[PDB]
Amino acid sequence: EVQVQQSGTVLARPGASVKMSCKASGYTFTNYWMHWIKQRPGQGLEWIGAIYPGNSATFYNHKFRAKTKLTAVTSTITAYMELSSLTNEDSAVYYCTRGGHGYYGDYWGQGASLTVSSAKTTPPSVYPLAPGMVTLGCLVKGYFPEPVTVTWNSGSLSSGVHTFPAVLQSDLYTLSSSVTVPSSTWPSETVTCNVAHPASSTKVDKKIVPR
Amino acid sequence: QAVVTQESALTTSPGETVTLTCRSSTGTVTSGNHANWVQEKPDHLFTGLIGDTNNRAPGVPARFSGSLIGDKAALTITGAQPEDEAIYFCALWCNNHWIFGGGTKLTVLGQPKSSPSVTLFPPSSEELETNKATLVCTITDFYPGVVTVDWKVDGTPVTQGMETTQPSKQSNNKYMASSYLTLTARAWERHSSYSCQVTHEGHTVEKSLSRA
Ligand SMILES: C[C@@H]1O[C@@H](O)[C@H](O)[C@H](O)[C@H]1O[C@H]1O[C@H](CO)[C@@H](O)[C@H](O[C@H]2O[C@H](C)[C@H](O)C[C@H]2O)[C@@H]1O[C@H]1O[C@H](CO)[C@H](O)[C@H](O)[C@H]1O
(Lines give C-alpha, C1' and ligand atoms only; values in the text may rest on other atoms or scores of the structure.)
Protein backbone atom coordinates (compact mmCIF):
# COMPACT_ATOMS: atom_id res chain seq x y z
CA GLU A 1 0.00 0.00 0.00
CA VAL A 2 1.86 3.29 0.85
CA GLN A 3 5.24 2.37 2.38
CA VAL A 4 7.99 4.74 3.50
CA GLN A 5 11.11 2.63 3.89
CA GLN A 6 14.08 4.04 5.83
CA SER A 7 17.75 3.10 6.13
CA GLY A 8 19.02 1.33 9.29
CA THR A 9 20.95 2.06 12.45
CA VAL A 10 23.98 4.35 12.28
CA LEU A 11 26.82 4.59 14.70
CA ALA A 12 28.92 7.74 14.21
CA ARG A 13 31.76 9.50 15.90
CA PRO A 14 31.63 13.16 17.06
CA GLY A 15 32.48 15.54 14.20
CA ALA A 16 31.38 13.16 11.43
CA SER A 17 28.56 13.39 8.89
CA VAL A 18 25.91 10.75 7.95
CA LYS A 19 23.46 10.42 5.11
CA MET A 20 20.11 8.74 5.81
CA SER A 21 17.52 7.98 3.12
CA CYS A 22 13.81 7.22 2.66
CA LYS A 23 12.20 5.45 -0.29
CA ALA A 24 8.57 6.02 -1.23
CA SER A 25 6.18 3.21 -2.29
CA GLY A 26 2.48 3.32 -3.26
CA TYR A 27 2.18 7.01 -4.39
CA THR A 28 3.40 9.77 -6.65
CA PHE A 29 6.55 10.99 -5.00
CA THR A 30 6.43 14.30 -6.87
CA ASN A 31 3.04 15.38 -5.61
CA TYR A 32 3.96 15.10 -1.87
CA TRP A 33 6.38 16.50 0.74
CA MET A 34 8.90 14.41 2.58
CA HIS A 35 9.49 15.73 6.12
CA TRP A 36 12.12 14.59 8.64
CA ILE A 37 11.32 14.38 12.41
CA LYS A 38 13.89 13.98 15.25
CA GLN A 39 12.82 12.17 18.43
CA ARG A 40 15.13 12.47 21.42
CA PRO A 41 15.06 9.81 24.24
CA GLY A 42 12.95 12.21 26.16
CA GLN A 43 12.93 15.57 24.59
CA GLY A 44 9.79 15.08 22.51
CA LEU A 45 9.68 15.51 18.75
CA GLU A 46 11.30 18.24 16.64
CA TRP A 47 10.67 19.00 12.99
CA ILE A 48 13.93 19.19 11.02
CA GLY A 49 12.63 20.24 7.60
CA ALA A 50 10.80 19.22 4.43
CA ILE A 51 11.47 18.81 0.69
CA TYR A 52 9.01 18.76 -2.22
CA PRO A 53 10.65 16.40 -4.82
CA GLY A 54 8.38 17.80 -7.63
CA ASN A 55 10.31 21.15 -7.61
CA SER A 56 12.84 20.62 -4.81
CA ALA A 57 11.38 23.33 -2.57
CA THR A 58 12.83 22.82 0.93
CA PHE A 59 11.79 24.31 4.28
CA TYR A 60 14.16 24.08 7.29
CA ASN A 61 14.00 24.51 10.97
CA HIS A 62 16.28 27.50 11.80
CA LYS A 63 17.92 25.50 14.56
CA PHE A 64 18.94 22.78 12.11
CA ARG A 65 19.70 24.81 8.92
CA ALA A 66 23.41 25.05 9.72
CA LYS A 67 23.99 21.27 9.80
CA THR A 68 21.40 19.62 7.53
CA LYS A 69 21.19 19.16 3.77
CA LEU A 70 17.93 17.70 2.44
CA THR A 71 17.86 16.29 -1.12
CA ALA A 72 15.65 13.96 -3.19
CA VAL A 73 16.27 11.84 -6.34
CA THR A 74 13.06 11.43 -8.33
CA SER A 75 14.49 8.67 -10.58
CA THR A 76 15.17 6.62 -7.44
CA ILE A 77 12.15 7.91 -5.40
CA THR A 78 14.46 8.46 -2.53
CA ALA A 79 14.93 11.45 -0.14
CA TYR A 80 18.21 12.03 1.69
CA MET A 81 19.16 13.97 4.78
CA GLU A 82 22.85 14.58 5.40
CA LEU A 83 23.75 15.72 8.94
CA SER A 84 27.13 17.32 9.54
CA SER A 85 29.47 18.03 12.53
CA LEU A 86 27.69 15.59 14.77
CA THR A 87 27.68 15.92 18.55
CA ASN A 88 26.12 13.54 21.06
CA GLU A 89 22.98 15.71 21.02
CA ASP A 90 22.16 14.39 17.50
CA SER A 91 21.62 10.88 18.86
CA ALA A 92 17.93 10.30 18.24
CA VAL A 93 15.54 8.23 16.14
CA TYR A 94 14.86 10.11 12.91
CA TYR A 95 11.63 9.58 10.96
CA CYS A 96 10.70 10.61 7.45
CA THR A 97 7.00 11.23 7.08
CA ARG A 98 4.79 11.91 4.01
CA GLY A 99 3.16 15.37 3.94
CA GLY A 100 0.90 17.53 1.81
CA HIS A 101 -1.28 20.62 2.19
CA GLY A 102 -1.87 21.35 5.89
CA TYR A 103 -0.07 18.20 7.15
CA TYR A 104 3.43 16.83 7.56
CA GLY A 105 3.01 13.07 8.12
CA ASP A 106 -0.04 10.90 7.43
CA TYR A 107 2.26 7.92 6.77
CA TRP A 108 5.44 7.45 8.80
CA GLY A 109 8.60 5.57 8.17
CA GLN A 110 9.83 3.23 10.89
CA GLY A 111 12.66 5.42 12.25
CA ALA A 112 16.44 5.17 11.84
CA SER A 113 18.43 5.33 15.05
CA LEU A 114 21.62 7.40 15.10
CA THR A 115 24.00 7.17 18.09
CA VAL A 116 26.97 9.60 18.14
CA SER A 117 29.63 8.40 20.56
CA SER A 118 33.42 8.25 20.92
CA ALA A 119 33.05 5.11 23.04
CA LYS A 120 34.76 1.88 21.95
CA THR A 121 33.19 -1.61 21.77
CA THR A 122 33.15 -2.58 25.43
CA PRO A 123 31.86 -5.94 26.78
CA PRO A 124 29.47 -5.97 29.78
CA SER A 125 30.46 -6.78 33.28
CA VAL A 126 27.54 -8.95 34.50
CA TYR A 127 26.71 -8.97 38.24
CA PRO A 128 24.18 -11.26 40.02
CA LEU A 129 21.41 -9.59 42.04
CA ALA A 130 20.31 -11.76 44.82
CA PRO A 131 17.90 -10.64 47.58
CA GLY A 132 20.04 -12.55 49.88
CA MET A 133 8.13 -15.78 45.44
CA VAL A 134 11.61 -14.38 45.13
CA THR A 135 12.95 -11.99 42.55
CA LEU A 136 16.46 -12.49 41.26
CA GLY A 137 18.23 -10.23 38.75
CA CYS A 138 21.32 -9.64 36.61
CA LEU A 139 22.86 -6.25 36.12
CA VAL A 140 24.50 -5.91 32.72
CA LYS A 141 26.77 -2.95 33.09
CA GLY A 142 29.08 -0.90 30.88
CA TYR A 143 28.71 -2.22 27.34
CA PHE A 144 28.89 -0.41 24.00
CA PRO A 145 27.16 -0.59 21.51
CA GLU A 146 23.63 -1.91 21.80
CA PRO A 147 22.34 -4.64 22.01
CA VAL A 148 22.84 -7.32 24.61
CA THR A 149 20.47 -10.30 24.84
CA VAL A 150 19.62 -11.77 28.22
CA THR A 151 18.04 -15.19 28.75
CA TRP A 152 17.42 -17.12 31.95
CA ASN A 153 18.53 -20.72 32.20
CA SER A 154 19.20 -20.92 28.49
CA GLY A 155 15.65 -19.85 27.65
CA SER A 156 14.01 -22.47 29.87
CA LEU A 157 13.02 -19.74 32.32
CA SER A 158 10.78 -17.54 30.20
CA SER A 159 7.86 -16.88 32.53
CA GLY A 160 8.18 -14.00 35.00
CA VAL A 161 11.10 -12.32 33.16
CA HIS A 162 11.35 -8.51 32.81
CA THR A 163 14.28 -7.08 30.95
CA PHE A 164 14.34 -3.31 31.24
CA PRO A 165 15.54 -0.81 28.57
CA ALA A 166 19.18 0.32 28.65
CA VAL A 167 20.24 3.64 30.21
CA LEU A 168 23.40 5.42 29.21
CA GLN A 169 25.67 6.04 32.24
CA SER A 170 28.92 7.81 31.36
CA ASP A 171 29.12 6.64 27.74
CA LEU A 172 28.26 3.04 28.18
CA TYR A 173 24.90 1.35 28.57
CA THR A 174 23.60 -0.40 31.65
CA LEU A 175 20.54 -2.66 31.57
CA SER A 176 19.00 -5.11 34.05
CA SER A 177 16.74 -8.18 33.84
CA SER A 178 14.81 -9.94 36.59
CA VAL A 179 12.95 -13.23 36.95
CA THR A 180 10.49 -14.09 39.73
CA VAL A 181 10.38 -17.76 40.82
CA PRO A 182 8.45 -19.60 43.67
CA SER A 183 10.34 -19.33 46.95
CA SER A 184 10.70 -23.15 47.38
CA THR A 185 12.37 -23.38 44.03
CA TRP A 186 15.41 -21.32 45.00
CA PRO A 187 18.26 -22.26 45.79
CA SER A 188 17.50 -25.95 44.98
CA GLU A 189 16.82 -25.00 41.37
CA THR A 190 19.82 -23.21 39.94
CA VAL A 191 19.04 -19.89 38.22
CA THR A 192 21.59 -18.50 35.76
CA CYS A 193 21.32 -15.46 33.46
CA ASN A 194 23.02 -15.82 30.04
CA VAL A 195 24.17 -12.52 28.53
CA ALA A 196 25.41 -12.20 24.96
CA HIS A 197 26.96 -9.11 23.48
CA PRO A 198 27.42 -9.88 19.73
CA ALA A 199 29.64 -6.85 18.81
CA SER A 200 32.38 -8.17 21.12
CA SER A 201 31.30 -11.85 20.99
CA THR A 202 30.91 -11.78 24.71
CA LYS A 203 28.79 -14.64 26.10
CA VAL A 204 28.79 -14.97 29.90
CA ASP A 205 26.56 -16.89 32.28
CA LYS A 206 26.13 -15.75 35.90
CA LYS A 207 24.62 -18.18 38.45
CA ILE A 208 22.61 -16.37 41.20
CA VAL A 209 23.84 -17.47 44.64
CA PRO A 210 22.13 -16.51 47.95
CA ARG A 211 23.87 -13.88 50.03
CA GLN B 1 9.66 30.53 19.13
CA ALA B 2 6.06 29.78 20.06
CA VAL B 3 5.32 27.13 22.73
CA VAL B 4 2.59 24.58 22.11
CA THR B 5 1.03 23.10 25.27
CA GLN B 6 -0.94 19.89 25.75
CA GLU B 7 -2.21 18.06 28.81
CA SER B 8 0.44 15.70 30.06
CA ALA B 9 -1.79 12.72 30.80
CA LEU B 10 -5.55 11.94 30.63
CA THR B 11 -7.43 8.75 31.70
CA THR B 12 -10.77 7.44 30.47
CA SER B 13 -12.63 4.13 30.40
CA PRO B 14 -13.88 2.21 27.30
CA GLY B 15 -16.86 3.77 25.64
CA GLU B 16 -16.42 7.31 27.01
CA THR B 17 -15.68 10.52 25.11
CA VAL B 18 -12.41 12.34 25.90
CA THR B 19 -11.10 15.62 24.54
CA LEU B 20 -7.46 16.61 24.27
CA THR B 21 -6.53 20.30 23.59
CA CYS B 22 -3.49 21.99 22.09
CA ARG B 23 -2.81 25.69 22.53
CA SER B 24 -0.21 28.26 21.47
CA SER B 25 1.67 31.00 23.39
CA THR B 26 0.56 33.65 20.82
CA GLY B 27 -3.07 33.36 21.84
CA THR B 28 -5.44 31.60 19.48
CA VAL B 29 -4.88 28.64 17.16
CA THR B 30 -6.47 29.41 13.73
CA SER B 31 -7.07 27.42 10.52
CA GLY B 32 -3.81 28.80 9.16
CA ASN B 33 -1.91 26.86 11.86
CA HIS B 34 -3.15 23.60 10.25
CA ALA B 35 -3.31 21.66 13.57
CA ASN B 36 -2.03 18.08 13.22
CA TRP B 37 -2.53 15.16 15.61
CA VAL B 38 -0.43 11.95 15.49
CA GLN B 39 -0.48 8.86 17.69
CA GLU B 40 2.62 7.14 19.12
CA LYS B 41 2.17 3.50 20.04
CA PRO B 42 5.01 1.26 21.52
CA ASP B 43 8.12 0.49 19.59
CA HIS B 44 8.05 3.74 17.63
CA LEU B 45 4.85 3.07 15.74
CA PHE B 46 3.46 6.44 14.60
CA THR B 47 0.14 7.01 12.84
CA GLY B 48 -1.07 10.27 11.31
CA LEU B 49 -4.58 10.92 12.75
CA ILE B 50 -5.84 14.44 11.86
CA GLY B 51 -4.30 16.92 9.39
CA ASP B 52 -5.40 20.52 8.64
CA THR B 53 -7.37 20.96 11.85
CA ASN B 54 -10.06 18.33 11.08
CA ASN B 55 -9.17 15.94 8.23
CA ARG B 56 -8.91 12.26 9.30
CA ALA B 57 -5.80 10.70 7.76
CA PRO B 58 -6.28 7.55 5.55
CA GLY B 59 -7.90 4.70 7.46
CA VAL B 60 -8.36 6.46 10.78
CA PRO B 61 -11.58 5.41 12.62
CA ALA B 62 -14.49 7.82 12.58
CA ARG B 63 -14.42 8.07 16.40
CA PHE B 64 -11.42 10.39 15.99
CA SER B 65 -12.28 14.02 15.12
CA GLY B 66 -10.35 17.31 15.22
CA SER B 67 -11.90 20.76 15.69
CA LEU B 68 -10.93 24.18 16.99
CA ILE B 69 -12.76 24.70 20.29
CA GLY B 70 -12.58 28.38 20.83
CA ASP B 71 -8.98 29.35 20.65
CA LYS B 72 -7.47 25.87 20.95
CA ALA B 73 -7.19 22.94 18.58
CA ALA B 74 -8.75 19.79 20.06
CA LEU B 75 -8.97 16.10 19.29
CA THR B 76 -12.08 14.25 20.56
CA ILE B 77 -12.31 10.48 20.67
CA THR B 78 -16.01 9.51 20.95
CA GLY B 79 -16.27 6.08 22.47
CA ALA B 80 -12.68 5.33 23.33
CA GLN B 81 -11.41 1.81 22.71
CA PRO B 82 -8.63 0.03 24.78
CA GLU B 83 -6.39 0.22 21.72
CA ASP B 84 -6.42 4.05 21.82
CA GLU B 85 -4.09 3.95 24.84
CA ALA B 86 -1.13 5.88 23.33
CA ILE B 87 0.76 9.22 23.31
CA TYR B 88 -0.88 11.89 21.16
CA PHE B 89 1.16 14.79 19.78
CA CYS B 90 -0.22 17.95 18.22
CA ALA B 91 1.89 20.25 16.09
CA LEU B 92 1.05 23.64 14.66
CA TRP B 93 2.40 25.24 11.38
CA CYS B 94 3.73 28.56 12.62
CA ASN B 95 6.38 30.88 11.07
CA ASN B 96 7.13 28.13 8.55
CA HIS B 97 8.06 25.64 11.24
CA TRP B 98 5.99 22.72 12.51
CA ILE B 99 6.12 23.17 16.32
CA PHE B 100 5.20 20.23 18.49
CA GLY B 101 3.42 20.05 21.81
CA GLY B 102 4.83 17.72 24.43
CA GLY B 103 2.29 14.95 23.90
CA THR B 104 -0.54 13.57 26.03
CA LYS B 105 -0.38 10.09 27.48
CA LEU B 106 -3.92 8.73 27.26
CA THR B 107 -4.74 5.76 29.43
CA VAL B 108 -7.93 4.01 28.30
CA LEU B 109 -8.62 1.54 31.17
CA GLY B 110 -8.93 -1.80 29.45
CA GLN B 111 -8.08 -3.72 32.70
CA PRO B 112 -8.11 -2.83 36.48
CA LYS B 113 -5.46 -0.57 37.89
CA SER B 114 -2.56 -2.43 39.46
CA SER B 115 -0.08 -1.15 42.00
CA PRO B 116 3.71 -1.46 41.36
CA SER B 117 5.81 -4.35 42.62
CA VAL B 118 9.00 -2.53 43.73
CA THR B 119 12.21 -4.49 44.45
CA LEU B 120 15.40 -2.88 45.65
CA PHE B 121 18.64 -4.89 45.22
CA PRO B 122 21.90 -4.03 47.07
CA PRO B 123 25.31 -3.90 45.18
CA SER B 124 26.92 -7.27 44.64
CA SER B 125 30.35 -8.01 46.33
CA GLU B 126 32.00 -8.38 42.93
CA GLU B 127 30.90 -4.93 41.94
CA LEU B 128 31.95 -3.41 45.34
CA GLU B 129 35.37 -4.88 44.61
CA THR B 130 35.65 -2.56 41.56
CA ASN B 131 35.04 0.44 43.88
CA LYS B 132 31.53 1.04 42.53
CA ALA B 133 28.14 0.45 43.99
CA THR B 134 24.88 0.46 41.98
CA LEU B 135 21.49 0.00 43.72
CA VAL B 136 18.80 -1.38 41.42
CA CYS B 137 15.10 -0.70 41.93
CA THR B 138 12.74 -2.67 39.59
CA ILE B 139 9.13 -1.49 39.38
CA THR B 140 6.78 -3.91 37.55
CA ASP B 141 3.07 -4.57 37.06
CA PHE B 142 1.71 -1.08 37.50
CA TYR B 143 -1.26 0.17 35.51
CA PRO B 144 -1.85 3.22 34.65
CA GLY B 145 1.68 3.33 33.27
CA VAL B 146 2.75 6.61 34.91
CA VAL B 147 4.92 6.50 38.06
CA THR B 148 7.43 8.80 39.88
CA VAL B 149 10.58 7.30 41.53
CA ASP B 150 12.52 9.08 44.32
CA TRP B 151 15.68 7.95 46.08
CA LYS B 152 16.69 8.81 49.63
CA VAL B 153 20.08 8.10 51.23
CA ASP B 154 19.81 8.44 55.08
CA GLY B 155 16.62 10.39 54.65
CA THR B 156 18.26 13.05 52.41
CA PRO B 157 16.79 13.40 48.85
CA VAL B 158 19.16 12.20 46.17
CA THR B 159 19.58 14.75 43.37
CA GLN B 160 22.58 13.35 41.44
CA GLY B 161 23.65 9.86 40.45
CA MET B 162 20.33 8.16 39.68
CA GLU B 163 18.89 7.04 36.31
CA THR B 164 15.28 5.88 35.62
CA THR B 165 13.86 4.31 32.49
CA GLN B 166 10.64 5.50 30.86
CA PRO B 167 7.80 3.01 31.56
CA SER B 168 7.65 0.11 29.05
CA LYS B 169 4.57 -1.98 28.30
CA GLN B 170 4.78 -5.51 29.61
CA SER B 171 3.30 -8.26 27.42
CA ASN B 172 0.34 -8.48 29.79
CA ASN B 173 -0.17 -4.75 29.11
CA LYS B 174 0.73 -3.49 32.50
CA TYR B 175 4.03 -1.49 32.66
CA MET B 176 7.53 -1.80 34.10
CA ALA B 177 10.45 0.64 34.84
CA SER B 178 13.89 0.42 36.60
CA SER B 179 15.99 2.95 38.47
CA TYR B 180 19.65 2.91 39.34
CA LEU B 181 21.53 4.80 42.06
CA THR B 182 25.26 4.67 41.37
CA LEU B 183 27.84 5.56 44.03
CA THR B 184 31.46 4.71 44.66
CA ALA B 185 32.04 1.91 47.22
CA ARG B 186 33.62 4.63 49.46
CA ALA B 187 30.46 6.75 49.48
CA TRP B 188 28.23 3.69 49.88
CA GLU B 189 30.11 2.97 53.06
CA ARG B 190 29.37 6.45 54.58
CA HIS B 191 25.60 5.75 54.66
CA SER B 192 23.27 3.21 56.17
CA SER B 193 19.66 3.44 54.90
CA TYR B 194 18.75 3.51 51.22
CA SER B 195 15.24 4.01 49.90
CA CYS B 196 13.53 3.70 46.56
CA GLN B 197 10.13 5.41 46.79
CA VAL B 198 7.70 4.97 43.96
CA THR B 199 4.48 7.06 43.81
CA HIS B 200 1.67 5.66 41.62
CA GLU B 201 -1.93 7.04 41.66
CA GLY B 202 -1.14 9.19 44.70
CA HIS B 203 0.17 6.31 46.81
CA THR B 204 3.82 5.73 47.74
CA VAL B 205 5.54 2.38 48.00
CA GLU B 206 8.96 2.52 49.71
CA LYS B 207 11.56 -0.25 49.72
CA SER B 208 14.53 0.51 51.95
CA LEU B 209 17.69 -1.40 52.90
CA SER B 210 20.54 -0.78 55.28
CA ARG B 211 24.22 -1.20 54.37
CA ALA B 212 24.98 -3.66 57.21
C1 LIG C 1 4.30 22.87 -3.21
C2 LIG C 1 4.66 24.36 -3.33
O3 LIG C 1 5.57 24.52 -4.44
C4 LIG C 1 5.76 25.88 -4.87
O5 LIG C 1 4.52 26.38 -5.35
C6 LIG C 1 6.31 26.77 -3.70
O7 LIG C 1 7.65 26.41 -3.45
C8 LIG C 1 5.50 26.59 -2.40
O9 LIG C 1 6.23 27.21 -1.33
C10 LIG C 1 5.29 25.05 -2.10
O11 LIG C 1 4.50 24.73 -0.92
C12 LIG C 1 3.65 25.71 -0.29
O13 LIG C 1 2.40 25.86 -0.97
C14 LIG C 1 1.44 24.81 -0.91
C15 LIG C 1 0.12 25.36 -1.52
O16 LIG C 1 -0.78 24.29 -1.83
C17 LIG C 1 1.24 24.33 0.54
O18 LIG C 1 0.41 23.17 0.54
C19 LIG C 1 2.59 24.08 1.22
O20 LIG C 1 2.37 23.82 2.59
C21 LIG C 1 2.42 22.46 3.00
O22 LIG C 1 3.79 22.02 3.12
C23 LIG C 1 4.58 22.79 4.07
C24 LIG C 1 6.02 22.31 4.06
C25 LIG C 1 3.93 22.65 5.46
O26 LIG C 1 3.96 21.30 5.87
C27 LIG C 1 2.50 23.20 5.43
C28 LIG C 1 1.69 22.49 4.34
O29 LIG C 1 0.49 23.21 4.14
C30 LIG C 1 3.49 25.30 1.15
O31 LIG C 1 2.91 26.36 1.91
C32 LIG C 1 3.76 27.35 2.49
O33 LIG C 1 4.24 28.25 1.50
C34 LIG C 1 3.26 29.11 0.82
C35 LIG C 1 4.08 30.01 -0.14
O36 LIG C 1 3.27 30.48 -1.20
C37 LIG C 1 2.38 29.90 1.87
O38 LIG C 1 3.11 30.90 2.55
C39 LIG C 1 1.80 28.91 2.91
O40 LIG C 1 1.14 29.60 3.96
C41 LIG C 1 2.95 28.10 3.54
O42 LIG C 1 2.37 27.19 4.43
Side-chain angles (χ1 to χ4, degrees), chain A residues 1-2 35 37 39 41-42 44-50 59-63 93 95 97-111 113 125-132 134-137 139 141-142 160 162-170 174-178 180 206 211, chain B residues 31-36 38 40 43-53 55-60 89 91 93 95-103 117 119-127 130 132 134 136 138-141 161 163-168 170 176-180 182:
Chain A
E1 197 254 289
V2 176
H35 295 248
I37 306 303
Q39 184 185 220
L45 299 170
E46 288 188 77
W47 171 82
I48 287 167
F59 271 91
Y60 289 84
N61 187 322
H62 287 147
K63 180 180 188 299
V93 181
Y95 301 85
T97 66
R98 188 236 249 170
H101 177 70
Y103 68 92
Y104 72 85
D106 53 0
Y107 286 102
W108 289 55
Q110 53 294 153
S113 209
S125 320
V126 179
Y127 297 110
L129 301 177
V134 63
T135 307
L136 304 317
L139 176 65
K141 197 203 179 186
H162 301 284
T163 302
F164 301 89
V167 284
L168 186 73
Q169 291 192 289
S170 294
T174 290
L175 161 154
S176 51
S177 179
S178 50
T180 299
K206 212 75 173 63
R211 300 173 71 140
Chain B
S31 301
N33 289 129
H34 302 300
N36 273 31
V38 296
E40 186 185 0
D43 308 322
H44 300 315
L45 272 42
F46 284 80
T47 301
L49 240 44
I50 294 303
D52 198 27
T53 307
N55 302 350
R56 278 161 203 60
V60 168
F89 295 89
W93 183 238
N95 184 52
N96 295 325
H97 298 69
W98 276 106
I99 313 304
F100 285 89
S117 289
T119 296
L120 181 60
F121 296 105
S124 57
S125 330
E126 30 278 276
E127 190 201 3
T130 65
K132 299 303 305 302
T134 301
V136 181
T138 57
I139 306 143
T140 59
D141 293 304
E163 280 297 320
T164 314
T165 60
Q166 299 290 264
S168 312
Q170 291 171 182
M176 59 182 204
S178 50
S179 199
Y180 302 95
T182 315

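All values below were derived from every heavy atom in this structure, side-chain atoms included, with hydrogens, water molecules and symmetry-related copies excluded. Just so we're on the same page: letters track the sequence lines, and every chain starts at 1.
Across all their heavy atoms, B/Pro122 and A/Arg211 have their closest contact at CG-NH1, 3.3 Å. Counting all heavy atoms, side chain and backbone alike, A/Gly102 lies closest to B/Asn36 at O-OD1, 3.0 Å. Closest approach of B/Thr182 to A/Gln169, counting heavy atoms only: OG1-NE2, 3.0 Å.
Using a 4.5 Å cut-off between heavy atoms, B/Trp93 contacts chain A through its side chain alone, with no backbone atom that close. Residue B/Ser117: no heavy atom, backbone or side chain, is found under 4.5 Å from chain A. Looking at A/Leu168, the atoms closer than 4.5 Å to chain B (heavy atoms on both sides) all sit in the backbone: N, CA, C or O. In this structure, chain B has heavy atoms under 4.5 Å from both the backbone and the side chain of A/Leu129. In this structure, chain B has no heavy atom under 4.5 Å from any part of A/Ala50. B/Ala91 touches chain A through its side chain: at least one heavy atom from C-beta onward sits under 4.5 Å away, while N, CA, C and O do not. Of the two parts of A/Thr163, only the backbone, made up of N, CA, C and O, holds a non-hydrogen atom closer than 4.5 Å to a non-hydrogen atom of chain B.
Ranked by heavy-atom pairs under 4.5 Å with chain B, the first of A/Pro165, A/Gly49, A/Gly137 is A/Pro165. Heavy-atom pairs under 4.5 Å with chain A peak, among B/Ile50, B/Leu49, B/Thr119, B/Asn96, at B/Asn96. Each of B/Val38, B/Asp43, B/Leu120, B/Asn55 has some count of heavy-atom pairs under 4.5 Å with chain A, and the biggest count is that of B/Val38. Chain B forms the most heavy-atom pairs under 4.5 Å with one residue out of A/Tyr60, A/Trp47, A/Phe59, A/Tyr103, and that residue is A/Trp47.
Between A/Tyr107 and B/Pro58 there is a side-chain heavy-atom pair separated by less than 4.5 Å. Annotation: side chain of A/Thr135 is in contact with side chain of B/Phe121 (closest heavy-atom distance under 4.5 Å). Under the 4.5 Å side-chain criterion, counting only non-hydrogen atoms from C-beta, B/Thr140 is in contact with A/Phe164. Proximity of A/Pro128 to B/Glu126: side-chain heavy atoms (C-beta onward) are separated by under 4.5 Å at one or more points. Using a 4.5 Å heavy-atom threshold, the side chains of B/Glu163 and A/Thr174 count as separate. Considering only heavy atoms from C-beta on, A/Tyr127 comes within 4.5 Å of B/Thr130 through its side chain.
In this structure, the separation between CD on B/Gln170 and NE2 on A/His162 is 5.0 Å, given to the nearest 0.5 Å. From A/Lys141, atom NZ reaches atom OG of B/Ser124 across 8.5 Å, with rounding to the nearest 0.5 Å. With rounding to the nearest 0.5 Å, the separation of CD1 in B/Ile99 from CG in A/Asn61 is 6.5 Å.
In this model, a donor atom of one side chain and an acceptor atom of the other lie less than 3.5 Å apart for A/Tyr95 and B/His44.
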B/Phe89/A/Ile37 under side-chain contact (heavy atoms from CB on, under 4.5 Å): CA gap, chis, key distance, verdict:
CA-CA 13 Å; B/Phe89 295 89; A/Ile37 306 303; over 6 Å; no
Working note: B/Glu40 + A/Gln39, criterion side-chain contact (heavy atoms from CB on, under 4.5 Å); need CA distance, chi angles, decisive distance, verdict.
CA-CA 11 Å; B/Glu40 186 185 0; A/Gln39 184 185 220; 3.4 Å; yes
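Between the side chain of B/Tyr180 and the backbone N or O of A/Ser176, at least one donor-acceptor pair lies under 3.5 Å.
Below 30°, between 30° and 60°, or above 60°: for B/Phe46 and A/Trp108 the angle between ring planes is below 30°, a parallel geometry.
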